[PDB]
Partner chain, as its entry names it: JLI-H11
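Heads up, the chain below is alone and in the form solved without the partner chain; it's given as structure tokens.
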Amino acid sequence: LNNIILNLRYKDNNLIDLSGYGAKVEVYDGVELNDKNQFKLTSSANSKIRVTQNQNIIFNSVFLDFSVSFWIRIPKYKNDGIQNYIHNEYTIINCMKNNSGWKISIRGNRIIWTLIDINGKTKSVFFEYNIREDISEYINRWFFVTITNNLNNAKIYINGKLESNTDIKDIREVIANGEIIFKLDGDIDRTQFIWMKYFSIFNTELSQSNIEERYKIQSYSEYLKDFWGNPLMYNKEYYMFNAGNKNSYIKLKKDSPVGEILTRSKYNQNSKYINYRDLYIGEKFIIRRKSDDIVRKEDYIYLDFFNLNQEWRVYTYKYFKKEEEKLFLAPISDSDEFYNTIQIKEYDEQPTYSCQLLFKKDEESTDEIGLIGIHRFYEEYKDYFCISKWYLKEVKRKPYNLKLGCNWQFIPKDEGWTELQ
């Protein structure tokens, strides 16, 4: 909102400063830029942005009082290049003049903020996310960063919450109105890249409150999101993730038109530096419109999947007495003994990449059959892709329960997540 001295935003096929201070912004040819305000820095020498701050109005203060915010998406390590990922630090944003200033740096799974004052004194603060989680909230997924500086503290906030704090009471004058160079710099593979959006600078130390608000505003969209935080799309192959059953995936049971639930395979080598669960497993689903290709809250869809090259569909049986029942997975058909219409929902009021899938009788029927989920059926105990009436009450309970088994995320293949072995 207020105190914004740089505000890099997409406009008319270009990246511009909308702060009102009219910084000069030069995007070189190697930066990929789109109207979702996303830009990509690659390993190419022409993949850079030069921002020249207006030297007159912006001023270096005696003591630090300034903040930087942006969204970032950092690809997964390569399994065959773990050590290079762990060890090789590369600058992504550099803002120096007369050997003083600031930079943003990455070393594998660590993001690093660094200050150098006019006397050559340096201080750093970093945020590092775990690379041994079954399912990471951070790896190759859009998240929100804010760094704040005053005379006492450099802090990093992730997704609105304080993560790191360095004492910088020994830091004196920092020259912070130098050229800002957005460019990958250091010992990086040909393949390395970074995505960023909504890069902004403030001439104050932002409050936690101010940052949390910014997180929510910038999180907002009418459209739903995929697992990576990109817009959810019609007519796109997606694997399915369950936020309440993180390690579970859907597979058509052999010679039976139901979806059994199996346990995700993991990274199969012994390498004690990393661990992850495979994401590109289970049926390949695809969302179709019932009636752009962006999925919005309240849209009516078919949830389909590929059985070899045939396109099958997810149904609920019209007659079900129990609280929970298995879904029917079968060819596209008009049969009036099964509901085929789903309304995609977003019941969470906080930022999320999860959505819910609500079965209805038709597009105008006010009645609600239930939400798609996972349930343990006693036959042997065994988990199945299901519909459940039970979620209908749960989804109204505030605050919204993040870990309900009715919470789904859609995972497309992405160049920033490889898991071949």
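Residue numbers count along the first chain shown, from 1.
Only in words, not in the display: the form deposited with the partner chain bound, which the text now covers.
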Item to complete: Choose from 180-188, 311-319, 101-109, 201-209 the stretch whose residues reach within 4.5 Å of the partner chain in the entry with it bound, heavy atoms counted.
Response: 311-319
Worksheet item: Between the options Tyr280, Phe306, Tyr223, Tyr273, which residue brings a heavy atom to within 4.5 Å of the partner chain in the entry with it bound?
Response: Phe306
Worksheet entry | the partner chain: the contacting residue among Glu237, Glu213, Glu133, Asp167 in the entry with it bound [heavy atom, 4.5 Å] | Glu237
Worksheet entry | the partner chain in the entry with it bound: contacted by all of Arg288, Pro331 and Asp334, heavy atom 4.5 Å | yes
Discussion item. I'd like to check something about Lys266: if you look in the entry with it bound, is any of its heavy atoms closer than or equal to 4.5 Å to a heavy atom of the partner chain?
Written reply: no
Worksheet item: Quick one: does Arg172 come within 4.5 Å of the partner chain in the entry with it bound, counting heavy atoms only?
Response: no
Practice prompt. Determine whether any heavy atom of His87 comes within 4.5 Å of a heavy atom of the partner chain in the entry with it bound, and answer yes or no.
Written response: no
Item to complete: Please check if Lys251 has a heavy atom lying within 4.5 Å of any heavy atom of the partner chain in the entry with it bound.
Response: no
